[PDB]
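*Asks:* Below is the structure, and that's it, no one-letter string:
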Ligand SMILES: [Zn+2]
Ligand SMILES: [Zn+2]
């Protein structure tokens, strides 16, 4: 039982992480579209938005 | 093997959080240069 | 025994996350209505 | 050795969380002053 | 080489001519300026010139063509045996080719083609003046000068090509129109076509208005049709266009066409390319394109919000589909605030219906990873000729240096050669695609390098838009990204979208389309036709970013899709308009808003073609759901059809109005402003797959379709035949297609070959009749697939055609040899055979190029510098393929069908597919072939020389007489040398000889097939419906191995070979005729002989169609008798002993008795079939599709199984199922009736009375139940479980658990094992009560219940008195009476059926013994129209037996108590007083033994029915009145036996009181339902049972309620 009392804890830690995922992804949608909207007609480079494949 | 698999899961959770690090750090220049335009 | 001391540290850890959680939400709204009021 | 490495893992998690916090406080003010900019 | 095109394939650009006119200083300009006249027109008005071209009449001698076409059509039709239509066909061809206007158009086409040929692919820069009648064409480099008169129209070569294509299209249109009109009820509509041509050619309006008119012709015609014929939903589509305000003559002509026939109007209006194409106004077109790629119809905030909503609905649909396909939710993470309903549904792995209306609840559901992005596309997508730009630095290679210099004053810094390839195949060859995951890595990051951020827009050719539509050519990296994304979406995501998923499964599409066709006519499902115009230049990043993010998460490809969703904002766009280049600042294009544009909101046409489809389905579903309608969104392109079903409370008009309002609202939110110009609702016209459908029936595409490497005659003819074959595959009639194809083929031959060949009528005919199967040019004639749909051997057809030609026409066999020039190859080429099972082993001289497969492979293997190619060609694939084919050649009983099957599922087959896909690319062939100009000249010279030699080929005399089946067998024997067998299939026309039943002899009827027309057919019926009906190779090999083991082949060679394949993969352990067919009831009663049968059926229907279209009419049924006996081979499959051990090795570098089991399976299969049938309503029963294809079975196979086993299995399944009242009631009502794949097919299986008496359940049950017809006995037998538990629970004892476990996935497997169990039972012949002069009166008489009892007995007694041996019975006689007469021994019955077996079929169905089948002569009965000798049924005539009913019974016959009739024969009375009853023996079931002399048997039946009625009363909602009537019949019999009076009417009160059945004549409870039964009469059969001592025994032990009902108070 002592192994599952924290097993749920890990899940809620994971769930908080998953909620964190969506939270910024909404930020990343907005920020990207701001930058893209200001790119038309300019030489603005293509800054990445994801670090790299594993 | 529950302990080993949960250790692996928390490891991949660490890696995802380092990806969180790099993405947020990556937005830095994107927002910053946006100021520089103005 | 030694597993007891690694429990409460998670308790405060989550309370740090919870205390962190509203930090996003209270700024979720303020970064949201930035976009509409634009 | 599993418990020891698990403890080191928790420690690196806590320090990475300190890094998250300090980079956020390096974020919140800069994002907020954009409101004063508009 | 200059002028390297023979057909229009590029947009009609005009900038080049403008540049050369005023600018430019090249030498050609000096000559060009010299030849222009004072009134020099502009290229934009080129069509205004070519319309004035007139040729002198009768310039090209073609009468030879007319005669040759006549002969060819005559020969083809005569071979098909539809001779009577030869007149129509060849008269139509002659009329088409003799009309002055048509001939003028044809000559113009010929002149244009000759001119094109003489200049195209030439090396000379300039070609002297060429006369085109009154024109004076002159060619300079790539420019053309037209000088009809003192007027000049200097134009580009593409303009001249467009003019030539227009002339050719008009020729096709005219010929097709004439032929088509010749085969109608409303024929001869050519005049209207010519009038339209003149009207259009008389238009002098400006360029833009003219092309607007031409473009609007078709939508305006659709609007005209809809407005007049819409019945429920209004329409205004016609009013939107400006044709009447611009060209009134055209409007009047179109309205006249509508008044004539809507289908004609739609067909004529379909053509949209027989009118000159426009010169795209690049200056304005490009500007508007760029502007439309950056306009914002909605604020990005609203677009993002609506994108979130679309993400919600997308999640909902995906979850629904996944649950429906896997019964479990995907891996999802519920955000905080998730609705408890979603949580519960996820926990239970279900899908509550409430979600569909509450998609918003899914905003809190996030889908986790479900798969991984397949960053390794298969070669099929990569190997393509789609043009691409290697990188940014190549942008300077899409413009003319001189024009750039003249437009800016500075040179264009082009490097000497392009920095990379120009087409995707070249890129793959160069090794640039060997590391795709690394190539797409920047996309994963989201930072596509600068070098791959350029797109070149290309105007699209052959489109009637003045401002043109541009399709984008992307960089190599972007193309690979597009391919990967499209593959991922179409494979892992798109299928799971439930609502959209039912838009690509052809089964679902076909079912939905059939439902729409059947439902639209009456009107309960109108269709909304969405047609987005700005779709391609639509979607903005905001709208799609949410779904992009969701997809990214689902595929665990971080910021991959979103990369493409925001990419175009950082892309440079340039218009591919040479002679108008953008300025070059630092080696990069500079934005100007006309030629170049840096960054745009959309990515342009041809990108994310799937994602946009998903989004469109999403918002359409959102729009329609909120108005609570029933939609079936259908379509994939910018045009989509929405099907809306009728609502029970709103007329279709209001429903359509609300749907249109909702769609407008919910498409505006998506930045896709929708206009009335592209939205119409109708219940008459609906378009899908570029095919109009008027009132359900498809609109013929004859007019349109028939109007559609280095050049060569073979390629042109092949394209012609393929186009005509596709048109025929469409609803286009085969005859119009064939005639038009023959005419066009003759024209094409006329264009190329010299006069020495053309002016030889016999040679031209023979050449046109020699197909490719025998080694000739592809011709429309030799195409058996024109009419049929499935595979067909072409060789017998070719031989039959040649045979008919030799027999009829004056052509001699020597000429056939001369034309054919058979040349058997020196050595067998097994690879070709395995690729084409039906082909001969001959040298295809006219093939443009053979053995090029090795040449392509060798060129690819070397000069590659790649990695994927190297590992894909590490040794010659062709050699290994030849080795594998030679290995497969050892099949002792050669079966090239199997070889092709076995060869197909091998890696080398995939390799050959890749190689010949490489060959498909245009210039990669030139890369291997390294110029063509000589080849084209060489090829022509070769064929021209070919058709001169008088030297014969292999003598064909022996292979032209006799049956063509034997001829094909012998030919294959000769051309391969070891007796190929198993693929030749007969030619239906030879196999069957249609005949009219009006005149036909018995010898003609022995073997034949019946065709019964329900009513007189005519031209109306032809167009109106009637009433009558990867690793996957692993799975393929597994199923094939099962299919083999079950055939019982267990050969070590095959086992090892298949295991080798599996370890290589890693495993280790019609349409055109159905409409008419619906008016034909079909039968087969010869029992001789798959897929080829469908060919025979289609041939019969074709005979009907021909005899109608020839002006005739069919009233009497017709036949298709068997003619060529030798064509009926007796097939007996043998083993595939491979003989020599297989040597192919492997590649690995590419990429209890079955009767019981079957009987139990049949029982359960039938049980579930009934279970699904009961659910279906009246509107869902017309479909004959049983649960799982229960129909494709023979009759003998079923009769092999002991029917007792099946009956027990079905009974056990039924009792085990134990359905509640509703289903039981549905079964009872429908089984007493008969509908659908139900008791119908049961009765279909149970004609043979042998099964009935031999059915163990029935014989025991026969004395227990009473029936009235064979259609009631079977129903009682199959309903026994729920009516008579007394016996069913006795036979339920038999059971076996392992039999239950027998899965149905292998249902056909047990049938095959039981194919040859033994021999079916016999029929026996049970007797009827006979009479003799000296006999004993036993009192038994057949048909006791029937009123015709006395009549039937009198006829029997008369027959026996007359000692007749042969008797004729007309259909007028009572069916029961004839049956009784049939049962008489030592008598032959000849029904006067006149070729209609309905009456005879009825007699068989009623009878329960073999008397009818044994004593009724079928060959004579179907061949008899009037009686010959003694007959019954006529009121008068020689030998006619007549019964005159006596007014008063004046005689008491010893056998018949009252003689109610007097027998007369040819006006002479027949004395029958001395006749007496014959000793009776085992009687037939027609005597109704179930109720026998033994009253205890009647007691058993009465008690059983009483119990059944009591059980029925407990069934709520069941109409019990029908059953009570049969029970009352037994009650009347019992009352007669007891002596009680037989009341005419009796009132019964029925109901459930205190949970018990009640059936009482007196109402003792208010809840009892009163039911009155009238017409009750005492049954004379009950008289025999009315024994005085038998009265008491009846009531002993009977139920009190039954006793009360029997006794009348
Ligand atoms: Zn034959
Ligand atoms: Zn019978």
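*Replies:* Okay, I see it. Residues are numbered from 1 along each chain as shown, chains lettered A, B, ... in the order given. Ligands and ions are numbered 1, 2, ... in the order given.
*Asks:* and the nearest residue to residue E:147 once chain neighbours are set aside, how far is that from residue E:41?
*Replies:* Using Cβ to Cβ, 6 or more residues apart in numbering or on different chains and skipping the chain neighbours, the partner closest in space to residue E:147 is residue E:136 (4.0 Å). Every C-beta, even on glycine, is put in place using the N, C-alpha and C of the backbone. From residue E:136 across to residue E:41, the span is 14 Å (Cβ to Cβ, to the nearest Å).
*Asks:* So what's the residue count around whichever residue of chain A sits closest to chain B?
*Replies:* Nearest residue of chain A to chain B: residue A:51, at 3.7 Å (Cβ to the nearest Cβ). As a burial measure, residue A:51 scores 18 neighbours (other Cβ atoms under 10 Å in any protein chain shown).
*Asks:* Break down chain A into its strands, ranges please.
*Replies:* Under the criterion DSSP state E, strands are not mapped anywhere in chain A.
*Asks:* pretty sure residue E:1472 is in contact with residue E:1463, am I right?
*Replies:* Yes: the pair residue E:1472 / residue E:1463 is scored as a contact, 6.3 Å apart, by Cβ atoms under 8 Å.
*Asks:* Which helix or which strand is home to residue E:1376?
*Replies:* If you go by DSSP states H and E, residue E:1376 is part of helix E:1375-1382.
*Asks:* likewise residue E:1390?
*Replies:* strand E:1388-1391.
*Asks:* From the contact counts, what lies against that strand?
*Replies:* Applying 3 or more Cβ pairs under 8 Å, 6 or more residues apart in numbering or on different chains; DSSP states H and E, one finds that strand E:1388-1391 contacts strand E:1366-1369, helix E:1375-1382, helix E:1398-1406, helix E:1411-1415, helix E:1418-1421.
*Asks:* now with 7 Å?
*Replies:* Contact here means 3 or more Cβ pairs under 7 Å, 6 or more residues apart in numbering or on different chains; DSSP states H and E; on that basis strand E:1388-1391 packs against strand E:1366-1369, helix E:1418-1421.
*Asks:* okay, the ones you listed, which one's buried deepest?
*Replies:* strand E:1366-1369 (a mean of 23; mean count of other Cβ atoms under 10 Å in any protein chain shown).
*Asks:* Tell me which strands that strand pairs with, and in which orientation.
*Replies:* Sheet pairing of strand E:1366-1369 (DSSP bridges) gives strand E:1388-1391 (parallel), strand E:1431-1432 (parallel).
*Asks:* Identify the residues contacting the longest one?
*Replies:* Read it as strand E:1388-1391. The contact list for strand E:1388-1391 (Cβ atoms under 7 Å, 6 or more residues apart in numbering or on different chains) reads E:1365-1369, E:1381-1382, E:1399-1400, E:1415-1417, E:1420-1421, E:1424.
*Asks:* Then the shortest one?
*Replies:* Under the criterion Cβ under 7 Å, 6+ apart, residues E:1355, E:1367-1370, E:1373, E:1439-1441 lie in contact with strand E:1431-1432.
*Asks:* Find the closest residue to ligand 1 in chain A.
*Replies:* Nearest to ligand 1 in chain A, going by Cβ to the ion, is residue A:53, at a distance of 67.6 Å.
*Asks:* show me what contacts that residue?
*Replies:* E:441, E:444.
*Asks:* ok and the residue in the stretch 451-600 of chain E nearest chain C?
*Replies:* Closest point on the stretch 451-600 of chain E to chain C, by Cβ to the nearest Cβ, is residue E:542, at 10.8 Å.
*Asks:* Spatially nearest residue to that residue, not counting backbone neighbours?
*Replies:* Per Cβ to Cβ, 6+ apart, closest to residue E:542 is residue E:303, 3.8 Å.
*Asks:* Let me know the helix or strand that the one you found is in.
*Replies:* Short version: residue E:303 belongs to helix E:300-326, going by DSSP H and E.
*Asks:* residues near the one residue in the stretch 801-950 of chain E that gets nearest to chain C, how many?
*Replies:* Distances between the stretch 801-950 of chain E and chain C by Cβ to the nearest Cβ are smallest at residue E:868, namely 46.1 Å. Close neighbours of residue E:868, defined as other Cβ under 10 Å, add up to 17.
*Asks:* Over to residue E:168?
*Replies:* Neighbours of residue E:168 under the rule other Cβ under 10 Å: 24.
*Asks:* ok so, going back, residues shared between the contacts of residue E:1472 and residue E:1463?
*Replies:* residue E:1358.
*Asks:* From residue E:607, how far off is the residue of chain E found nearest chain B?
*Replies:* Closest approach between chain E and chain B, counting by Cβ to the nearest Cβ: residue E:558, at 7.8 Å. Look at residue E:558 and residue E:607: by Cβ to Cβ, they are 21 Å apart.
*Asks:* more neighbours, the two?
*Replies:* Between residue E:558 and residue E:607, residue E:607 has the larger neighbour count (other Cβ under 10 Å), namely 24 against 20.
*Asks:* does the residue nearest to residue E:217 when sequence neighbours are not counted count as helix, strand or coil?
*Replies:* Distance criterion Cβ to Cβ, 6+ apart; nearest residue to residue E:217, sequence neighbours excluded, is residue E:269 at 5.6 Å. Of the three states, residue E:269 takes helix under DSSP: H, G, I helix; E, B strand; the rest coil.
*Asks:* for residue E:269, what are its contacts?
*Replies:* Neighbour list for residue E:269: E:217-218, E:221 [criterion: Cβ under 7 Å, 6+ apart].
*Asks:* Now, these that are in helices?
*Replies:* Using DSSP state H, the subset of these located in helices is E:217-218, E:221.
*Asks:* need those in a markdown table with neighbour count, can you?
*Replies:* Listed next are the ones in helices among the contacts of residue E:269 as a markdown table, based on neighbours: other Cβ atoms under 10 Å in any protein chain shown:
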| residue | neighbour count |
| --- | --- |
| E:217 | 23 |
| E:218 | 18 |
| E:221 | 24 |
